[PDB]
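*Asks:* Going by the deposited numbering, the first residue of the sequence shown is number 3, and it counts up by one from there.
Yeah, the Cβ is synthetic: ideal placement off N, Cα and C, and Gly gets one too.
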Amino acid sequence: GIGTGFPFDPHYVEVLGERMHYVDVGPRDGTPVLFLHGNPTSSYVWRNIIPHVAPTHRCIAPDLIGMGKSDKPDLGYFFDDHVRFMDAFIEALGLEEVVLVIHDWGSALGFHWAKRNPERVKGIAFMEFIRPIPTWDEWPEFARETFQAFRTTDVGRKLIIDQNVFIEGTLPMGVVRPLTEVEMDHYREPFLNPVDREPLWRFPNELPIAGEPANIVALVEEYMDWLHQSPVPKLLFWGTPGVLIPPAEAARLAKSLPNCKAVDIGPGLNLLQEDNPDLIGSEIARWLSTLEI
Ligand SMILES: CN(C)c1ccc2c(-c3cc(C(=O)NCCOCCOCCCCNS(C)(=O)=O)ccc3C(=O)O)c3ccc(=[N+](C)C)cc-3oc2c1
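1) Between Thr33 and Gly19, what straight-line distance do the alpha-carbon atoms span, to the nearest angstrom?
2) Pick out whichever of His114, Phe37, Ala216 has its Cα sitting closest to the Cα of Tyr225.
3) Under a Cβ-count criterion, where at least 16 other Cβ atoms within 10 Å of its own Cβ denotes burial, should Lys71 be classed as buried or exposed?
4) For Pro269, write down the residues that DSSP places opposite it in a beta bridge.
5) Applying the criterion that 16 or more other CB atoms from any shown protein chain within 10 Å of the CB defines a buried residue, is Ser45 buried or exposed?
6) Which residue from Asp280, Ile218, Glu16, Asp73 puts its Cα closest to that of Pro136?
7) Taking 8 Å as the cut-off, does the stretch 84-97 touch the stretch 50-58 (at least 3 CB pairs, one atom from each stretch)?
8) Kindly indicate which three-state DSSP category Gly125 falls into: helix, strand or coil?
9) Would a C-beta distance cut-off of 7 Å place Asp106 and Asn166 closer than the cut-off?
10) Return the Cβ separation of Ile169 and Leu237 in integer angstroms, given the expectation that the two are a contact with Cβ distance under 8 Å.
11) Under the three-state reduction of DSSP, which class applies to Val15: helix, strand or coil?
12) For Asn278, which residues in the same chain have their Cβ closer than 8 Å to its Cβ, ignoring the five residues on either side in sequence?
13) Determine contact between the stretch 190-198 and the stretch 80-94, defined as no fewer than three beta-carbon pairs at a distance below 8 Å.
14) Assuming contact is defined by CB atoms lying nearer than 7 Å, are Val222 and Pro142 in contact in what I supplied?
15) Taking 8 Å as the limit between beta carbons, can you name the residues of its chain near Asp198, skipping five residues before and five after?
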């Protein structure tokens, strides 16, 4: 059985006047491994992968601001808000050099931070990450109209804020195998009140699709350009058919990104962690030995 529980002790750090929650396990010395979750998850999405890395490496898994057990300030939760909070989280924890394990919107946070701090990143494991979607044709047909509806302030907010569709429908449709009730309740816990769902709606409205928003498209194209040239060790997980990263894209990236290892995880949509956590965790563990950390 795939683990459903969250046994990690809570850790907190005051950041920009707001308390943020993070998982911190593993030995204290050596290079830490920073796990960055996306939408609409939390450090809970790393629950079955950390146990493969925690025996030999420090594992830090924060909850993004307004998500998980972190505080819920009255912000718009634009990507720029998450950048400032994640920049200040990393400094508040005194992290010097790190290995990144990033997913979904956390990957945009990881890549944007690694582009600005390339000396402090010894490797990047990433899966179902954010890239420029040139046209709506590059978005999966089965989820296309709903995400077009998500990116509006009337129908989009009604679905996500008022009806919580992103948790009750979009999240299960990002996973191939079925999610138990206990797993669903963990993902529901930070969003029982419609107020807390603002990041669940701003995130898909920040997706770089068809040139909008222009600022996010430029930002993501920048770190994609850095990724195509930098020699930082890269580990990419992908599944079939995926959502953000289709198999043909993963094959292209596996040849064009320097020092990159691609790992097929089998069937998979967006939350690859939930469809094959053992392969992801045990491959990250094996890959960390090939780094000079
Ligand atoms: C439990 N079961 C499997 C479902 C499945 C679907 C639904 C749906 C549902 C969702 C969708 C839907 O979410 N489509 C789109 C998902 O496909 C995206 C998958 O990749 C994205 C992963 C996340 C990526 N994160 S990022 C980068 O974006 O930040 C479409 C139609 C329906 C429908 O019903 O007619 C419900 C709709 C309304 C509703 N009421 C008003 C309370 C309840 C719904 O309940 C559902 C339950």
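*Replies:* Taking the geometry as given:
1) To locate residue 33, count along the sequence shown from 1; it is residue 31. To locate residue 19, count along the sequence shown from 1; it is residue 17. The alpha-carbon atoms of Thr33 and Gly19 are separated by roughly 28 Å.
2) Your numbering for residue 225 matches position 223 in the sequence shown. Measuring from the Cα of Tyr225, the nearest candidate turns out to be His114.
3) Indexing the sequence shown from 1 puts residue 71 at position 69. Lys71 should be labelled buried.
4) Translated into positions along the sequence shown, residue 269 becomes position 267. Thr242, per the DSSP bridge assignment.
5) Within the sequence shown, residue 45 is the residue found at index 43, counting from 1. So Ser45 counts as buried.
6) Your numbering for residue 136 matches position 134 in the sequence shown. Checking every option, the nearest Cα to that of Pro136 belongs to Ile218.
7) no
8) Counting from one through the sequence shown, the residue named residue 125 turns up at place 123. Three-state result, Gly125: strand.
9) Sequence index remark: in the sequence shown, residue 106 carries index 104 (1-based). Sequence index remark: in the sequence shown, residue 166 carries index 164 (1-based). Cβ distance not < 7 Å, so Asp106 and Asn166 don't count as in contact.
10) One-based indexing of the sequence shown puts residue 169 at position 167. One-based indexing of the sequence shown puts residue 237 at position 235. So it is not a contact: roughly 29 Å between Cβ atoms.
11) Counting from 1 along the sequence shown, the entry for residue 15 is found at position 13. Reduced to three states, the DSSP call for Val15 is strand.
12) Indexing the sequence shown from 1 puts residue 278 at position 276. Cβ within range, chain order: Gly241, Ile267, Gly268, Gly270.
13) no
14) For the purposes of this step, residue 222 is identified with residue 220 of the sequence shown, where counting begins at 1. For the purposes of this step, residue 142 is identified with residue 140 of the sequence shown, where counting begins at 1. Not closer than 7 Å, so no.
15) Position 196 of the sequence shown, counted from the start, is the residue given in the question as residue 198. Hits under 8 Å: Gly68, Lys74, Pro192.
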